Amino acid sequence: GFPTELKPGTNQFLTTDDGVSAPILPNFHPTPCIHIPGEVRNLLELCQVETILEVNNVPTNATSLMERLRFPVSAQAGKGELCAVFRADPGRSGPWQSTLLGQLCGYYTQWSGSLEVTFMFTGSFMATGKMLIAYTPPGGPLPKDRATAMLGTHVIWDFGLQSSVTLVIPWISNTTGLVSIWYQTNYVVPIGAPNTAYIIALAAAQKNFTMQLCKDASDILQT
Amino acid sequence: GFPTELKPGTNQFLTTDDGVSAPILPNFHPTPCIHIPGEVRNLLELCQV
Amino acid sequence: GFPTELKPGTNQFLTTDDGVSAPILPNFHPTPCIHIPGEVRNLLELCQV
Amino acid sequence: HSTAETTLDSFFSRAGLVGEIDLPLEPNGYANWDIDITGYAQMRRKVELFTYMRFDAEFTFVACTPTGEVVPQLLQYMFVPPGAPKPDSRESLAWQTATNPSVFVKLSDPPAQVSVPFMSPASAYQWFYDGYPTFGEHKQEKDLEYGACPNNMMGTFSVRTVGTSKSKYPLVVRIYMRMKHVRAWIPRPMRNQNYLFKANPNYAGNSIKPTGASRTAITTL
Amino acid sequence: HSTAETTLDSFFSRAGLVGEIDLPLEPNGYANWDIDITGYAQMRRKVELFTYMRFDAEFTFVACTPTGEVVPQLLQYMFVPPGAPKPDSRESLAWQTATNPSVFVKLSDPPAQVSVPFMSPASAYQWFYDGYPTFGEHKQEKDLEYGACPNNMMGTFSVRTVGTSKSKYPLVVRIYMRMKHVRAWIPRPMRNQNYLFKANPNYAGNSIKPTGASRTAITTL
Amino acid sequence: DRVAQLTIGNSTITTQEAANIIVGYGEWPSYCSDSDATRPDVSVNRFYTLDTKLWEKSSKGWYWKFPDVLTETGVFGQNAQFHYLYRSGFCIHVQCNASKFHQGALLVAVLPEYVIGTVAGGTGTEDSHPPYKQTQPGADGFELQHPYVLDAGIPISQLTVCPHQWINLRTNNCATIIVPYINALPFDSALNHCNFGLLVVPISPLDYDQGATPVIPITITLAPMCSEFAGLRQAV
Numbered sequence: 001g002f003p004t005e006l007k008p009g010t011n012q013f014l015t016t017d018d019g020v021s022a023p024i025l026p027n028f029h030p031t032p033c034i035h036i037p038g039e040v041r042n043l044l045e046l047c048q049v050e051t052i053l054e055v056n057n058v059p060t061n062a063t064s065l066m067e068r069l070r071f072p073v074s075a076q077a078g079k080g081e082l083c084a085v086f087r088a089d090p091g092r093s094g095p096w097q098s099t100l101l102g103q104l105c106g107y108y109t110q111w112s113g114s115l116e117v118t119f120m121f122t123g124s125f126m127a128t129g130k131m132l133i134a135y136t137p138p139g140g141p142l143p144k145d146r147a148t149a150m151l152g153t154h155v156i157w158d159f160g161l162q163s164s165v166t167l168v169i170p171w172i173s174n190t191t192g193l194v195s196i197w198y199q200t201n202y203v204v205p206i207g208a209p210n211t212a213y214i215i216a217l218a219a220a221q222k223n224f225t226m227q228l229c230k231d232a233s234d235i236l237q238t
Numbered sequence: 001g002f003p004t005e006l007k008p009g010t011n012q013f014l015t016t017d018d019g020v021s022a023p024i025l026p027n028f029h030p031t032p033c034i035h036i037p038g039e040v041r042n043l044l045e046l047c048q049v
Numbered sequence: 001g002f003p004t005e006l007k008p009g010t011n012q013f014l015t016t017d018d019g020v021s022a023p024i025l026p027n028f029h030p031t032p033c034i035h036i037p038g039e040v041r042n043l044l045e046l047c048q049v
Numbered sequence: 073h074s075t076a077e078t079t080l081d082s083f084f085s086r087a088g089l090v091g092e093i094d095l096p097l098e119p120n121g122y123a124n125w126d127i128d129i130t131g132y133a134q135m136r137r138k139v140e141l142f143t144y145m146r147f148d149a150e151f152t153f154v155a156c157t158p159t160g161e162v163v164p165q166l167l168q169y170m171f172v173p174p175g176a177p178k179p180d181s182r183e184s185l186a187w188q189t190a191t192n193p194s195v196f197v198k199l200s201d202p203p204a205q206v207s208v209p210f211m212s213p214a215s216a217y218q219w220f221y222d223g224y225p226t227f228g229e230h231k232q233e234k235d236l237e238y239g240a241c242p243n244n245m246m247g248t249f250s251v252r253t254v255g256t257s258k259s260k261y262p263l264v265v266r267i268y269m270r271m272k273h274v275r276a277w278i279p280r281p282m283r284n285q286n287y288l289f290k291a292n293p294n295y296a297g298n299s300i301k302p303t304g305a306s307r308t309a310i311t312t313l
Numbered sequence: 073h074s075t076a077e078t079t080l081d082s083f084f085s086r087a088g089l090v091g092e093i094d095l096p097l098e119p120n121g122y123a124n125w126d127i128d129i130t131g132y133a134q135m136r137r138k139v140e141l142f143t144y145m146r147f148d149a150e151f152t153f154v155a156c157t158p159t160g161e162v163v164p165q166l167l168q169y170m171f172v173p174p175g176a177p178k179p180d181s182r183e184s185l186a187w188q189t190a191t192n193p194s195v196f197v198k199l200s201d202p203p204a205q206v207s208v209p210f211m212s213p214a215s216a217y218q219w220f221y222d223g224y225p226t227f228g229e230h231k232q233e234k235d236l237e238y239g240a241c242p243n244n245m246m247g248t249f250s251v252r253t254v255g256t257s258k259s260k261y262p263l264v265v266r267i268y269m270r271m272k273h274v275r276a277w278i279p280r281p282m283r284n285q286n287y288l289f290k291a292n293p294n295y296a297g298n299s300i301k302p303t304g305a306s307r308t309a310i311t312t313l
Numbered sequence: 011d012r013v014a015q016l017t018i019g020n021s022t023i024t025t026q027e028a029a030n031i032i033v034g035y036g037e038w039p040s041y042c043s044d045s046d047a054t055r056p057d058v059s060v061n062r063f064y065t066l067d068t069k070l071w072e073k074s075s076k077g078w079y080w081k082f083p084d085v086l087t088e089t090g091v092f093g094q095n096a097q098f099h100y101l102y103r104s105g106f107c108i109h110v111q112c113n114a115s116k117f118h119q120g121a122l123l124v125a126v127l128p129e130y131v132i133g134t135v136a137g138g139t140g141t142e143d144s145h146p147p148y149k150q151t152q153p154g155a156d157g158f159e160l161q162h163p164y165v166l167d168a169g170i171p172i173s174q175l176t177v178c179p180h181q182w183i184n185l186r187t188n189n190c191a192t193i194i195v196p197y198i199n200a201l202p203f204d205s206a207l208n209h210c211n212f213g214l215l216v217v218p219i220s221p222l223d224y225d226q227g228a229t230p231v232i233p234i235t236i237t238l239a240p241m242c243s244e245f246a247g248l249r250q251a252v
């Protein structure tokens, strides 16, 4: 007869309690845990993965839909003009929504951490030229010209020498930063090289990336 | 006055739980376990036949 | 079958009980205690002012 | 620093609404709920993020009138394991078979909850089985036994009112489910296009849409 | 000498009345309660004694009729975290999304209480944000978002009855809240003038009053 | 970087290891020594060199499905019909050869359990399931229709979460992937459970100026590893 008085909150059903409840079949031994490759224990292990960053945004209509993963880079019109720019926040909708990162962050709310942006050039072995990638922190808007962009944190990127350049986004937490890509140089096309080449952009999170709050997003499902 | 809260699932009757319940006759000593040949403790020992 | 007897005073809701309740977000790690100057833990330290 | 929120057991262990069973006055007097981790119409997307998964799960049953009104009825919840027969009708031997576990609760009693272990012969569930199950069926016309691996069937849930004489109160049974001890494996890229069927990943080719939102040009904001 | 009564956890950890919720028969059948430590229309001053505070708090739900009658209904209390969506209408999917935790209790059953940890991205709550919110730019017209630091939003509470058809019994839901693990910091001098707005310490300049009572002269009693 | 002379059993390739060399899942293929709850070495481990599929400017992609690709072709193909149980790893080596005056990156990547789906349509019908000649294409492979969703509502944008290797004719013209045994069961029928499906998807399309052979081939060469079989059936 151990005396107890029922503290309020009895009989309640909570959808989040980490309680252990009675088992249907106590005498049941499941199929033993065998070893299978590619076990994941945390979602961060996905955020460290190079994924494609949809920068180009044109669904006209679906045949050209695959042109969303690529940049246009040609001789024309020429030097100095802006090539492409994009947002710097995965949660936002959403050129980042291509990444697994963007989608995963869509199942969360609060972010924190550094980001890697890896660009790959896909032109001929012969074509050269250099381009300027500049990072712009939250405060302050898109710098109007390269001269102003150079002053900020930036990366002078060549083709002819290296084809893969990684840009490190230093930090993000809660305008939300900007990244601008510039024609520093002309687009050289020897003789038979195509005047226009395309670029693929890869993005991923740093090892110090964290999310904090579970939340569920938008999908549809009919009969 | 030991604080307790009824985790949901109380008062339920489940056909398989191995819970221990009150005995009808507390003061009763059953007929003692004698030795009987051919004791079976697991059905697998039958499947080997 | 743990024997219990419900001592009177059950189900009472008292605005002063030092009870611990089920947490809404068990899997949630709050923003960690960073250092902020001038912490006060007892009001007397103001009464000495 | 805190990375528990990004753990699987923090990513799934939430009780979701999975089953909604109607027991009206004037369907047949019983119901069989084929267990499917969908129903909670988003876990679907959250699950096909991985290919191979394995988990134990706790079910919880909240039962009431459509009013929400509470009535002193005595229900019977029955778990019907895979392979075992489902209740043919209201008074078939399936209620008494006792192999299939049963839960007898009132509604005055708090919601009944039960745990269910992992029930596949395989080492883990699959959300994708590109091929045909053991063993291969021929004879044409058939094109239906595909991407369906019955090794992932978790069994069925059945409810009474109970018999023999009919109830007086219209009842609804809200079914809640939460995962535990989760271990996933090789990761899939998350869906981008709308679902069409359950147990089949077809899509609307006539209407393909971009993964995320879009702009007018790249150089603008 | 004994100063335990004058400690913070002895100075705040008492459950105060924060919410008065009406659920009539014939507003729409639901209610959304934005969490505000006020309501207990004195806690502000008791809180505005300090600037930075941080605490977890346990909420308790007492439900009855205006009569005081106890009726066999099954309520659903739902915690909706910051940023997360609010119920669009009474039957929106925000009830089933399950990310936002839910509490199913009867009224025959005793008051449900649940605890809520400290939920700010900041290291502590702020009751004073001298400046404009992240990121207040220029370009006028807007000028209401002042002294408002959304880092202090603790989330929201929503209730159903539950569906689908509305109840027969009129309900009121009393919400009680109690603090835990309080730690304050830089102390403010206590308010002297009557409040006028929430999230803003304006005062009535036409009607300023002395801090305490007053006398006729200094040399008199 | 000049020279290449690699030979095994009977087959012979000529590649190199001057750029990116090897991508594995993080685990080399191995055996098993439990209660399960033949190991050919002197025939199977030979480079099966598939058929070089062409690549036009306006291609959309291709994808083979293992182990169907070889199950009806090769000595290995033979001892798969006769045996019922199967287990192996793979040394996929994709190599495209083209000039410096071309351009256009490719994505060699392996997607385990590649369950596919076709478009509902045609006549006004709502439901349909893909034929055997699209789920088990065989050596020739199958030209996919809708890349962006991998004929499965699966964005390529996130495909790199799975084992992958880029082929950019600027830098690299060769790809090498090592794939281990991946299954919920330690053994499965090789005939009716095609595991991972290799797929080659072009993102930056092949381009060239006027007059320059618009068709560069893709030599896919693969070789099994740690193959394993058990019981066998009768011969014709």
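Top line first, the protein sequences correspond to chains B, K, H, A, G and C.
Under the authors' numbering, residues 1 to 174, 190 to 238 are what the first sequence spells out, in order.
Under the authors' numbering, residues 1 to 49 are what the second sequence spells out, in order.
Under the authors' numbering, residues 1 to 49 are what the third sequence spells out, in order.
Under the authors' numbering, residues 73 to 98, 119 to 313 are what the fourth sequence spells out, in order.
Under the authors' numbering, residues 73 to 98, 119 to 313 are what the fifth sequence spells out, in order.
Under the authors' numbering, residues 11 to 47, 54 to 252 are what the sixth sequence spells out, in order.
Where is the CB? At the ideal position from N, CA and C, for every residue including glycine.
Positions along the segment 145-171 of chain A whose CB lies within less than 8 Å of some CB in chain G: 154, 156, 158, 159, 160, 161, 162, 163
message: Please identify, using Cβ separations under 9 Å, the residues of the segment 194-205 of chain A that lie next to chain K, in order along the chain.
response: 194, 195, 196, 197, 198, 200, 201, 202, 203, 204, 205
- prompt: Taking all protein chains shown into account, do 16 or more other C-beta atoms lie within 10 angstroms of the C-beta of residue 17/B, making it buried, or fewer, making it exposed?
  reply: Start at 1 with the first residue of the first sequence, and residue 17/B comes out as number 17. With 16 or more other Cβ atoms within 10 Å, it is buried.
message: Using a Cβ-Cβ distance cut-off of 8 Å, determine whether residue 135/C contacts chain A.
response: What you label residue 135/C is simply residue 119 of the sixth sequence in a count that begins at 1. Answer yes: the Cβ-Cβ gap between residue 135/C and chain A drops below 8 Å somewhere.
Residue 99/B beta carbon less than 8 Å from that of residue 205/C: Taking the sixth sequence and counting its residues from 1, the one referred to as residue 205/C is at position 189. Taking the first sequence and counting its residues from 1, the one referred to as residue 99/B is at position 99. Contact: no.
message: Relative to the C-alpha of residue 12/H, which candidate in 126/G, 203/G, 214/G has its C-alpha closest?
response: Working through the third sequence from its first residue, we reach residue 12/H at position 12. Cα-wise, what sits closest to residue 12/H is 203/G.
- request: For residue 135/B, collect the residues of the same chain with a Cβ closer than 6 Å to its Cβ; drop the 5 residues on either side in sequence, then sort them by chain order.
  value: Reading the first sequence from its first residue, position 135 is the one you call residue 135/B. Excluding sequence neighbours, residue 135/B sits near 153, 194.
- request: Count the C-beta pairs between the segment 107-126 of chain B and the segment 216-232 of chain B that are closer than 8 Å, then say yes if the count reaches three, no if not.
  value: yes
field: Sequence ranges, beta strand (DSSP E) only - wholly within the segment 143-187 of chain A, length at least 3
entry: 144-156, 166-172
message: Need the endpoints of the alpha helix (DSSP H) that residue 84/C sits in, please.
response: Here residue 84/C corresponds to residue number 68 of the sixth sequence, with the count starting at 1. From DSSP, the alpha helix (DSSP H) with residue 84/C extends over 84-87.
- prompt: In whole angstroms, what is the alpha-carbon distance linking residue 174/A and residue 246/A?
  reply: As a working note, residue 174/A is residue 82 in the fourth sequence. As a working note, residue 246/A is residue 154 in the fourth sequence. Going from the Cα of residue 174/A to the Cα of residue 246/A covers about 6 Å.
field: Cut-off 6 Å between Cβ atoms - residues of its own chain near residue 34/C, not counting five sequence neighbours on either side
entry: What you label residue 34/C is simply residue 24 of the sixth sequence in a count that begins at 1. These residues qualify, in order along the chain: 194.
- prompt: Buried or exposed: residue 30/K, going by 16 or more other Cβ atoms within 10 Å of its Cβ?
  reply: Taking the second sequence and counting its residues from 1, the one referred to as residue 30/K is at position 30. It counts as exposed.
- prompt: If contact means a Cβ-Cβ distance below 7 Å, which residues of the segment 60-78 of chain C contact chain B?
  reply: none
- request: Please determine, among 214/C, 227/C, 23/C, 239/C, the residue with the shortest C-alpha to C-alpha distance to residue 129/C.
  value: Here residue 129/C is taken as the residue at index 113 of the sixth sequence, counted from 1. Closest by alpha carbon: 214/C.
CA nearest to the CA of residue 20/B, picked from 311/A, 254/A, 208/A: The sequence position of residue 20/B within the first sequence is 20, counting from 1. If we check each option's Cα against that of residue 20/B, 208/A comes out closest.
task: Count the C-beta pairs between the segment 143-158 of chain G and the segment 263-281 of chain G that are closer than 8 Å, then say yes if the count reaches three, no if not.
output: yes
query: So which of 135/C, 179/C, 124/C, 131/C has the shortest CA-CA distance to residue 140/A?
result: Taking the fourth sequence and counting its residues from 1, the one referred to as residue 140/A is at position 48. Looking at the Cα atoms, 131/C is the closest of the given residues.
task: Taking only beta-carbon positions, decide if residue 150/C is within less than 8 Å of chain A.
output: On the sixth sequence, position 134 is the one that residue 150/C refers to. Residue 150/C does not count as touching chain A.
task: Put residue 121/B into one of helix, strand or coil per three-state DSSP.
output: Numbered from its first residue, the first sequence carries residue 121/B at position 121. Strand at residue 121/B.
field: Neighbouring residues, chain F, relative to residue 181/A (Cβ below 8 Å)
entry: Here chain F cannot be found, since the structure's protein chains are B, K, H, A, G and C.
message: Looking at chain H, is there any beta carbon in it that lies within less than 8 Å of the beta carbon of residue 128/B?
response: Numbered from 1 along the first sequence, position 128 holds the residue referred to as residue 128/B. No, its Cβ sits nowhere closer than 8 Å to a Cβ of chain H.
- prompt: Taking the alpha-carbon positions, what's the residue 25/H to residue 14/B distance?
  reply: Translated into the one-based positions of the third sequence, residue 25/H becomes position 25. Translated into the one-based positions of the first sequence, residue 14/B becomes position 14. Computed Cα separation, rounded: 10 Å.
message: So residue 134/A contacts chain C; which residues on that side make the cut at Cβ distance below 8 Å?
response: For the purposes of this step, residue 134/A is taken as the residue at position 42 of the fourth sequence. Per Cβ cutoff of 8 Å: no residues; residue 134/A is ~16 Å from chain C at best.
- request: Examine the Cβ distances between the segment 164-182 of chain G and the segment 206-220 of chain B and report whether three or more of them are shorter than 8 Å.
  value: no
message: What would DSSP say about residue 89/B, mapped onto helix, strand or coil?
response: For this step, residue 89/B is matched to residue 89 along the first sequence. Coil at residue 89/B, not helix or strand.
- request: Starting from residue 252/C, trace the alpha helix (DSSP H) both ways and give me its first and last residue.
  value: Indexing the sixth sequence from 1 puts residue 252/C at position 236. No alpha helix (DSSP H) holds residue 252/C; DSSP gives it neither H nor E.
task: Show which residues of chain A have a CB atom less than 9 Å away from the CB atom of residue 13/K.
output: Numbered from 1 along the second sequence, position 13 holds the residue referred to as residue 13/K. Residues of chain A passing the Cβ test: 194, 195, 196, 197.
field: For residue 88/G, the residue or residues it bridges with in DSSP
entry: One-based indexing of the fifth sequence puts residue 88/G at position 16. Looking at the DSSP assignment, residue 88/G forms a beta bridge with 269/G.
- request: Using three-state DSSP, classify residue 204/A as helix, strand or coil.
  value: Along the fourth sequence, read from residue 1 onward, the residue named residue 204/A stands at position 112. In this structure, residue 204/A counts as strand in the three-state DSSP scheme.
field: Contacting residues, own chain, Cβ-Cβ under 7 Å from residue 196/C (five flanking each side not counted)
entry: Numbered from 1 along the sixth sequence, position 180 holds the residue referred to as residue 196/C. Only 35, 37, 38, 39, 105 meet the Cβ criterion.
field: Option nearest residue 107/B by Cα separation, candidates 239/A, 196/A, 135/A
entry: Here the question's residue 107/B lines up with position 107 in the first sequence. Of the listed residues, the one whose Cα sits closest to residue 107/B is 135/A.
query: Between the segment 24-36 of chain B and chain A, which residues of the former have a C-beta closer than 8 Å to a C-beta of the latter?
result: 24, 25, 28, 30, 31, 32, 33, 34, 36
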